[PDB]
Amino acid sequence: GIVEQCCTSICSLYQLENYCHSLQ
Amino acid sequence: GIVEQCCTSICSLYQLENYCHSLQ
Amino acid sequence: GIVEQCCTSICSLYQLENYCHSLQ
Amino acid sequence: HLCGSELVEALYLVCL
Amino acid sequence: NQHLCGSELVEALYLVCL
Amino acid sequence: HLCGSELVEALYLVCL
Amino acid sequence: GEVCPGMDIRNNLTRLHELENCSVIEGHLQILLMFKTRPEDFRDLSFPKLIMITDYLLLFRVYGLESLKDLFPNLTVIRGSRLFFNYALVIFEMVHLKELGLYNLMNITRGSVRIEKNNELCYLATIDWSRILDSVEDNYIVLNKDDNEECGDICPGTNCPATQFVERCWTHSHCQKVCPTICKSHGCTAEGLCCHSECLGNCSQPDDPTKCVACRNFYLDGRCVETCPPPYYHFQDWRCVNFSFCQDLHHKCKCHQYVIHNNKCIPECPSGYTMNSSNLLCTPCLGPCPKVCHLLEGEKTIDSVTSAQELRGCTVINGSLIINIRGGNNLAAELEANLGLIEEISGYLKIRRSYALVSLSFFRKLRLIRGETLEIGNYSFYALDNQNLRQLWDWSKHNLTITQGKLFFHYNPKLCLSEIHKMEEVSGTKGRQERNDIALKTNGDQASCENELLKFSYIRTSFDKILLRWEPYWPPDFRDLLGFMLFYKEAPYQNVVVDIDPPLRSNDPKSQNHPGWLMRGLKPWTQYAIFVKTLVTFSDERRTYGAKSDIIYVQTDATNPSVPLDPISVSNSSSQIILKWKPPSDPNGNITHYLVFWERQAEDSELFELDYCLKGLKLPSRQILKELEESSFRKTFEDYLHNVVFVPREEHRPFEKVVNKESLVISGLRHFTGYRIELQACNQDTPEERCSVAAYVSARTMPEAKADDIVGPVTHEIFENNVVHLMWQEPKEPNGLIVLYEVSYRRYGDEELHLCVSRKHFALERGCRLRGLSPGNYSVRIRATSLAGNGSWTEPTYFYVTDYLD
Amino acid sequence: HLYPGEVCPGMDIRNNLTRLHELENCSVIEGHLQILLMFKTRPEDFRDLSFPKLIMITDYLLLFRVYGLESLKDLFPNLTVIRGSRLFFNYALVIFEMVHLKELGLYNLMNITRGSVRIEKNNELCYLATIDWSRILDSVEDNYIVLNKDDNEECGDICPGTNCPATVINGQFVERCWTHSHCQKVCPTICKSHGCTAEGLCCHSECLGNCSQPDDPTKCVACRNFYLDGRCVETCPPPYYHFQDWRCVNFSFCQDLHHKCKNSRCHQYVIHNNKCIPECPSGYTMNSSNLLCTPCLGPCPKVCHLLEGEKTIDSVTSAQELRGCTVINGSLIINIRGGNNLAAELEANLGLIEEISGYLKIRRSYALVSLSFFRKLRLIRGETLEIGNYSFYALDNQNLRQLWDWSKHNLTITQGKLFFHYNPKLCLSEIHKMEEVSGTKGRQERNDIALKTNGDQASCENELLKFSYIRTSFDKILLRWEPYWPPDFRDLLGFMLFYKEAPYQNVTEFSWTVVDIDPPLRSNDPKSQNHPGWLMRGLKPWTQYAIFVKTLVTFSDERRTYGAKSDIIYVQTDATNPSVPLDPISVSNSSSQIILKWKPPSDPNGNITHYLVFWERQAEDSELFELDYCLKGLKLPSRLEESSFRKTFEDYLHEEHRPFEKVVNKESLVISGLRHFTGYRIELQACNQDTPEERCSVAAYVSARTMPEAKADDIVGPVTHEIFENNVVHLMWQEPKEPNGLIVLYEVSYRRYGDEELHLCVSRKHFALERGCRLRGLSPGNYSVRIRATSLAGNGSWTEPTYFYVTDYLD
């Protein structure tokens, strides 16, 4: 559920930095 | 000096209003 | 001066023959 | 920017 | 007979003391 | 407005 | 056994150790990230307790597992109550999983199967899912080791019910035992007996509603039923809970708090249905619904498009609104479709520190504001540092009422004190506000709160020209006039740039010093929105703001319509041509009709006498503050010179008026004829002729069949000197015109030769004449060609030509 | 030369031309001459009066409403130079709102020294673009000549071509003149201010304008610096003293100008440093016996008492009554309506004052770039205040940037309060540098400094932002900075990040697409410390961009605002495979030559190495071997749920040798050496990097065929026959080895001697089974047999008639 945030707008980098924290 | 004047520029109401006394 | 007494306000006629001395 | 006969009809319509 | 100003204040000074 | 598979290699390359 | 909810598993298998004690899962089950896992974590592990799962099953990244026949033996019901991108079974990236192994799978009622990227996967082609699923058309099974076919899917029946017609087996030790008999979708037991009609798949005792393995539709009190009786509601289309358990789920989510419609305990009501708290029922709204939304701790700070789009749908709000958006791309249409749904705000509205907005008319239908939650200092409407806001609302339309609280207007510089007094008179806030709640000099210091209305004096029209004049307007120190601005826009409704030279005053006994402008390049039959504002100098005393005119709605005239677009034509029949077109780009009023004229064309007179027996036989295939300052510089030079000089001491075609159609079948035509077609449009026909100029196309029908086929006899002549003359009957109507004749002739034993007969060869020899023949029994056959094509043969006419020997 | 004429002081003439008779024997004018308000005059009243005798007019020449003067060539032929010690709204010549002038005719104004020329509302006047002012005037950016007959109409400026000197102004040459009966006298570029004579030679260096004889101080017409008895000298000798910066006078001239002022009705002319000045300066004392300004015992200032408590400074005519003042007993309202700069003049005119007794008030001014023109302004007294007890006042100042530099220029404010209003290029740190200098922090109240308006168009945050981490990629640039913290940590409202594209380097400061940046979260740790940053999305290869970061504070109402800013850094990006080179036209101009033409692609993506062109001989299709075209009918060719399942799952993280040519930097290609009338498929690409691996594009495909050859379908060699027993003619012939693709049809015209044309086709399988053709059952006699071939392109020609005879079996 990300393209109602990240394709309608641009998501900020601590959200996707915590997605990097949850990935690796 | 109307056709060379105002289709490289924009001519207003007063010069055509005074220039129709040459028509009159 | 004539502007801040007269152009900025309402002038009479006896001020205007008071101020004819600079013309004649 | 009229130019041509559009200026001729603008002088027809300016002082009716 | 208004706020006068302009170049017609000079014409109003002509038209007082012609 | 970035949308998709380029966001998957953008999320790989932001923390590489 | 006992009912657990749905849960999601990461890392370890201590979540599998509390999946040991559960049997009934009320939710979904996900598997993701078994990175650590071994074969020796999975050869000592078995869950035969589990039977039922509602929503979906998800699998991701399992190391070391080989099969689920010794892990999950008894799983039947996949309901699909929450449908999840119409895929109730997702499995992604299985390494080491050689088979599926769910041999007690009998049920997918609702949902489909997504299989992708599992590189070790055999045992798929011996599973018939059409006994299991109601529809196998949406199943996405791709990218396995079964898909590149080397897999030894061996059966017990090499026993198995064979349903290609291959023997069907889930595992190597179990068969496809889903029953295709008279027990049907309810299924049979291991003895071959039918179960109950509320059973599903298997039954622990045969034909028992109490002792099914799985219920078909519903479950209540140790028995499988078809529907819930009252007071029990249909809970998530699988069981019966009642008022007490639905009310404990309601006060547990006091979360989608559970409601009653159609004797079901559903989570939320649909779009025709609303919550009423007295009966706990979906009341039938079906339209203008009182949508009441409760906020999170009394406020929601809203500052972007995606934070603005949370409230899309909510009308009445239980809390306060804080709005702080300072930029964006092409605003207020989507913000009007968002925030024009709001009726009542229980808290305050705080417009703090915004920049980019120009009006508050995206708020559409705001009538009553409570203002129970306040700011400290008792404020319900907090306007602060809001820069470019020229209007609040249109006050021919809008009414607004503030119940409680005060107002706050600080540093909002482009909005007027008459709109602040219209807020204090219309909103009911006349006596509520104290001293300096309205900051007076900070708001409206740089605006156009113009204190005079211009009057439109003289107006004329044309189809493309509006001659506007209005009154002479001056300021009282009239060297400050730079001229006028006028904005135009296209006006389809009433639902709401030329810089103008200044006029010449001198004096006025009776002087026509009316200014104006003729606008030249207009679209015809177009209502426009014209208003004229003034541009003065911000003077050093109390300010004359200037004047603005009325918005007017002046429509341009029609006169001539344009060319209607794209004449194209496909021949349907030989007497019928459909003509099709499009409406013109200048329609110029309500159009009365389309006027067509069709002319039959004569043929080309060069092509009567072209011999194509001669080779070469080819037929056609038929910014402002610089010049605000710069003009006040010549005022203040002139004041300085005045203060030191002056000191005290007709072709009638067949034609038709096409009324309310954009197509016309042209009937009554001959076969294969070129035509000349005039297309016009007309918005005024009876009060004189305002029809348009012509659109030009030419066309041609499809040919007939037997107009090119030869009717009539084949008649030879025998002359004295061994000369054969052939006449026939020509077709007097060909398709368009006839061009050429061909004769194929063959003796009794010989081969077929060719002869080209033209129209001049027909008209010179009254037919055709043949010379120099071998003696025998000839047979002649005649094909013929036209402008369309090659109409077919004649009969073989046997004739014995002479020998002169015996 | 000599100078015939007396001294002639400055006249104002009014109502008539009868008071112009006292300017008869005049040469020099120490003053200004005003011709104002002439009404009952004719054009015949001006041609019987002229003044050739006058040379030197110092200050200005004022013209206002002379009725019926037509040109000024027939009044003033020989007037030379305008000095302009005093000025007229810093203009030296002004012709304002004037009746019936149509030409100037002023052919002898070579130099105007200090000031400009403003001619406006002379609505009948032509000849304005034929005068170059920049030979004469110095600053021609401050002239204001508009609204005449030459820009409201197109009246004729005819010139003496048949001869004027022609000089370029921007990009074309027009002639320089005054009338149609004159040309403008233009000096050469060695003769800059030394003057030129009538033969085009340079004069003396102290000659100004005109000289009679070259290289002579005695033979100038007007002096550059100083005139003494026919000569142009640089300075006076003793015992002569300077007078009004143009002539050398003795003690007998400058002594009696005291004695007509002290003993009579003022300008009491004194002497200091051999200059006859009307005033002694400050610290310089008039004694009784001599006239000399001797240096004073004390401070000895000049308390300039203004008229009505205030003098409104508007130009340098207003500012030349304050030169040599030190103490102003009054107030100054400086109000300069802009469009022209004035800070070169006003440092020379003002800036020797020290104390203002009243208030100070900059109000409604536009072009005033600083208050650094005040050089020694220290104390504001504030005896007679701005109303409501204020002393300093700033309102609507558009380009005001710096108040003061704070080396030594102190600003002591005794009484009164500040204002600042709506000044967009002056921030609050200079407003705080009033308050740390004057001591007036604890005097003002609320809205005595306006806070939101003052300084909203410049970068004025005066700490440093630094970038911490730049990682680049293809369209995404990871920027990171270090976080600035204000010393309340809730006072950071956020950032904005400005980026702009830049082909070249020098980009101006403070086009700029704005993103809104949230503040980050801390743990109050300096260990990890939370470097925030923003990444940009989705923009083109091979373009440098200019990017800088600047803060946004939550505004405290009491103190200083806060902030930091970075310098602009430059990130350039890399590239990829480029786009399709569009519109390929294959020109088959010959039977072996195929000419290709194409364009550059839409994505260039670097410096493009070559354009990779592939081609291949296509074999023709197998259906054309086995089509019966003796069956008639002969018409031949003439020639998102795959996206959606992964992102839900992402959010639970919580050779064959063909010929080719590397066409390096050439957009056309000829193909040589091909099989004639053959199908070819032609593939083109674009490569921007090849030898550090081949980064080539996607392909576009052109089918093409050449011209046919004429002799490839032409039957050569012998054609022979066999006569059998029952008159069967079986025909042998040989094909060309190269066809135009292949040949589909063969036909025969067999003719007897006198019979008609009869038709037979031979197909491919009629040729291949009969080894040629066979004719059966013939009428005997003389024969004439001619064969064509018909290819895929078209026909080959006929052969010759073959003459033979089968057996009749009759005779």
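1. A closer look at the state of the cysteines
For the structure shown, the criterion picks out 44 disulfides over all chains. Each sulfur of the disulfide joining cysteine 215 of chain G and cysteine 224 of chain G lies 2.0 Å from the other. Taking the torsion about the S-S bond as the criterion, the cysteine 215 of chain G to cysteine 224 of chain G disulfide, at about -80°, is left-handed. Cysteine 215 of chain G sits in the buried class, given a relative accessible area of 17%. Free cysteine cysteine 768 of chain G: the closest other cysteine sulfur is in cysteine 613 of chain G, separated by 9.8 Å. Summary of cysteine pairing: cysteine 159 of chain H is not part of a disulfide, and the nearest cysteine sulfur, belonging to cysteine 177 of chain H, is at 4.0 Å.

2. Observations regarding the sheet that holds strand β33 (residues 534-536) of chain H
All names here are of chain H. The three strands lie next to each other as β29-β30-β33, forming an open sheet whose pairing is antiparallel. The sheet terminates laterally at β29 (467-472) and β33, the two strands that pair on one side only. Each strand axis lies, on average, 15° off the axis of its neighbour in the sheet, ignoring direction. Relative to strand β30 (residues 477-481), β29 runs antiparallel, the two sharing five bridges. Pairing of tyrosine 469 across the sheet is with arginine 480, part of β30.

3. Focus: the UniProt feature "disulfide bond" in chain G
Residue and element names in this part refer to chain G. In these coordinates the annotated UniProt disulfide of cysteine 155 and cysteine 169 is reproduced, with an SG-SG gap of 2.0 Å that lies under 2.5 Å. Classification of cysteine 169 by relative accessible area gives buried; the value is 0%. With its sulfur atoms 2.0 Å apart, the listed UniProt disulfide between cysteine 179 and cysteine 188 is closed in this model. Classification of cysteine 179 as buried rests on a relative accessible area of 7%. Classification of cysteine 188 as buried rests on a relative accessible area of 15%.

4. Here we look at the arrangement of the chains
Pairwise contact counts over the 13 pairs of chains in contact peak for chains G and H. The two units chain B and chain E never meet; even their closest C-alpha atoms stay 22 Å apart. The two partners chain B and chain H share no contact, and the minimum distance between any of their C-alpha atoms is 9 Å.

5. Focus on the packing of aromatic side chains
If you walk through the whole model with that rule in mind, you get 57 aromatic pairs over all chains. Centre to centre, the rings of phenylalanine 633 of chain G and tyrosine 144 of chain H are 6.5 Å apart; their planes meet at 75°, and the pair counts as edge-to-face. You can see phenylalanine 633 of chain G sitting in helix α7 (residues 633-645) and its partner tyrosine 144 of chain H sitting in the loop between β9 (117-120) and α1 (149-152), one on each of two chains. Across the pair, exposure class does not vary: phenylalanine 633 of chain G and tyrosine 144 of chain H are buried alike. Between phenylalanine 637 of chain G and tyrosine 91 of chain H, the aromatic rings sit 5.9 Å apart at their centres with planes inclined by 85°, giving edge-to-face as the arrangement. Of this pair, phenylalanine 637 of chain G sits in helix α7 while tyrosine 91 of chain H is found in the loop between β6 (81-82) and β7 (93-96), placing the two residues in two different chains. The pair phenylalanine 637 of chain G / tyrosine 91 of chain H is uniform in exposure class, with both members buried. Taking the ring centre of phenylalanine 719 of chain G as reference, the NZ or CZ of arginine 769 of chain G above it sits at 4.4 Å. Seen from the ring of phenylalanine 677 of chain H, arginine 705 of chain H lies directly overhead, with NZ or CZ sitting 5.3 Å from the centre.

6. Concerning the interface of chain H and chain G
Taken residue by residue, the interface counts 51 residues in chain H and 51 residues in chain G. Together chain H and chain G conceal approximately 4,900 Å² of surface at their shared face, both sides included; 58% is due to carbon and sulfur atoms. The shortest N-O distance in the salt bridge between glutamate 120 of chain H and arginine 634 of chain G comes to 3.4 Å. Between the two partners, chain H and chain G, sit 15 residue pairs in polar contact. Each residue belonging to the side of chain H that touches chain G can be placed in one class, and the counts come to 24 nonpolar, seven polar and 20 charged.

7. Section: the interface of chain E and chain H
Contact residues are listed per partner, giving four residues for chain E and six residues for chain H. In total, about 380 Å² of surface goes out of reach between chain E and chain H, with carbon and sulfur atoms giving 72% of it. When the buried surface of chain E facing chain H is broken down by residue, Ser7, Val10 and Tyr14 of chain E rank first, second and third, together holding 86% of it. Linking chain E to chain H there are one residue pair in polar contact. Grouping the constituent residues of the side of chain E that touches chain H by class yields two nonpolar, one polar and one charged.

Here is what the cut-offs are and how they apply
Residues numbered from 1 in each chain as written, not as in the entry; some residues may be left out. Chains lettered and ligands numbered in written order. Heavy atoms only, no water. Disulfide = S-S within 2.5 Å. Buried < 20%, exposed > 50% of the residue type's maximum accessible area, 1.4 Å probe, protein only. Pairing = 2+ DSSP bridges. Helix = DSSP H or I, 4+ residues; strand = E, 2+ residues; numbered from the N terminus. Axes fitted to C-alpha atoms, helices over the stretch in contact; angles between N-to-C directions. UniProt positions renumbered as here; feature names shortened; annotations may be inferred. Contact = heavy atoms within 4.5 Å. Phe/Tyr/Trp six-rings, centres within 6.5 Å; stacked < 30°, edge-to-face > 60°. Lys NZ or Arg CZ within 6 Å of the ring centre and 35° of its normal. Buried area = accessible area lost by both parts, 1.4 Å probe. Salt bridge = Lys/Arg side-chain N within 4 Å of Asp/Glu carboxyl O. Polar contact = N/O pair within 3.5 Å; in protein donor to acceptor, adjacent residues only side chain to side chain. Nonpolar A, V, L, I, M, F, W, Y, C, P; charged D, E, K, R; others polar.

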